[PDB]
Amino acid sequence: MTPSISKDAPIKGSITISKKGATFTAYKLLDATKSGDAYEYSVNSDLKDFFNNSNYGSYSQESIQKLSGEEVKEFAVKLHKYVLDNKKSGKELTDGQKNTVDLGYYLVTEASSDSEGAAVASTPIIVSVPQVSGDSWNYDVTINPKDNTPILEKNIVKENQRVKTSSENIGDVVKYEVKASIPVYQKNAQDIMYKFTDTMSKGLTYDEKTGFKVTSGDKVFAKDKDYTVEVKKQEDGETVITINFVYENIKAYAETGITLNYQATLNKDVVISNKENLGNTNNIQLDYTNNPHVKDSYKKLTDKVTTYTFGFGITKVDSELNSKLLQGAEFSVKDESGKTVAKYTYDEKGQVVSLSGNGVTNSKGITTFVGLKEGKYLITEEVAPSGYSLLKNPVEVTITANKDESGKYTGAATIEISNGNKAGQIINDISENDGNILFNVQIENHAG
């Protein structure tokens, strides 16, 4: 595999790191030593007690050779902590210049910016000196690191994926995850703010029993030490939640960022529609100190996700007089599985309430089953209205959720009869007074 080592191979190499005005530290992880016609690696003396240590991640010589992007970050946080704890130090590297170093394997992390404003740390780098290049060893490695911009992103976590949009039933949990950049500053820096404001719309009930789980990779921060959670239910029905941090407590974990895990539940105030609409929204905002040397110097970040749900009416009707609207018919709704999970309806006042058993058709022919996500749904007649027979087969509708060109839900939906039952028929929608919109499955009943 590896190229031969020349006789005129130097015992020294170099790292050059081009930047505008930030200094990097390089930590010798492993020595590379010439032996015959190959470089043998072994752990450096300074980190003998860092390696294979349970308080610093049980990193072996071999395990650092196959770190994922996230694990290189986690490794850097744990190396930093060791170096601090043991009052050691890496080599400071001059910006733009050649830096002479022994042959080895190196962590390179940002030590500073010369900027006063909030910086994002460049992601940590593991580099071999020398490294293979063509069929030769390069002893003089150059690294231009990625110039990182601030991250704030919110996602719904569903089925072990992360998506900007979703659909659920009323009563179901929407789970959330927020990743964020932790800003870095110069060493003297004071009165640093790092503050989240999460805003949930009226349709979502924050699960404060479950609460927040706040994490930077491996680390689990403690409530009322590292952060506080204040919750304010607004007049308009929105919940505003504040997650405010002691910056000093998260500073040592800057390279692994902040992760928030929290969840809400879909409630009866939910926006229900079948046109493109805003849905049931979670907004996240991060405010943080920009220039700590000037007061009221902040930068803002925002993300949002949204969650949709749908509904339909039944309109029960006579076979040959479609204008004759039948009271007293009783309906149930099952999914693909066979759960009667459909258990929310509108009442006579026009407000969403839990449905006790069957949907009973009112004097205008109507019962409703609202707050359903997309899927196959089986409308079965459980009781025939007086003077009518039981419908034999269930009417099946498939509600299909519209996507935009990135495959986000838009909030639009279509409905169709899907099991070919000629008694079922899709008619014009039901417009509720709260401005929610339901599908309308017209269903014909014969009088014997």
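One-based numbering along the sequence shown.
Enquirer: Given the B-factors recorded for C-alpha atoms, which segment has the greater mean, 16-24 or 424-432?
Expert: The deposited B-factors put 16-24 ahead on the C-alpha mean.
Enquirer: In the PDB record, does 110-118 or 188-196 carry the higher mean Cα temperature factor?
Expert: Per the PDB entry, the higher value belongs to 110-118.
Enquirer: Between 288, 82, 262, 369, which one tops the list for Cα B-factor in this entry?
Expert: Top of the list by C-alpha B-factor: 82.
Enquirer: Looking at the C-alpha B-factor values in the deposited entry, which of 273, 249, 142, 362 comes out highest?
Expert: Comparing C-alpha B-factors across 273, 249, 142, 362, the top value belongs to 142.
Enquirer: Select lowest, middle or highest to describe the third in which the CA B-factor of residue 408 falls within its chain in this entry.
Expert: CA B-factor rank for residue 408: middle third.
Enquirer: Lowest, middle or highest third of the chain for the C-alpha temperature factor of residue 445?
Expert: Its C-alpha B-factor, which the entry lists for residue 445, ranks in the middle third among residues of this chain.
Enquirer: Using the B-factors in the PDB entry, rank residue 57's C-alpha atom against the chain and give the third, lowest, middle or highest.
Expert: For residue 57, the deposited C-alpha B-factor lands in the highest third.
Enquirer: Looking at the entry's B-factor column for C-alpha atoms only, identify whether residue 321 ranks in the lowest, middle or highest third of its chain.
Expert: CA B-factor rank for residue 321: highest third.
Enquirer: With respect to C-alpha B-factor, does residue 87 fall in the lowest, middle or highest third of the chain as deposited?
Expert: Top third by C-alpha B-factor.
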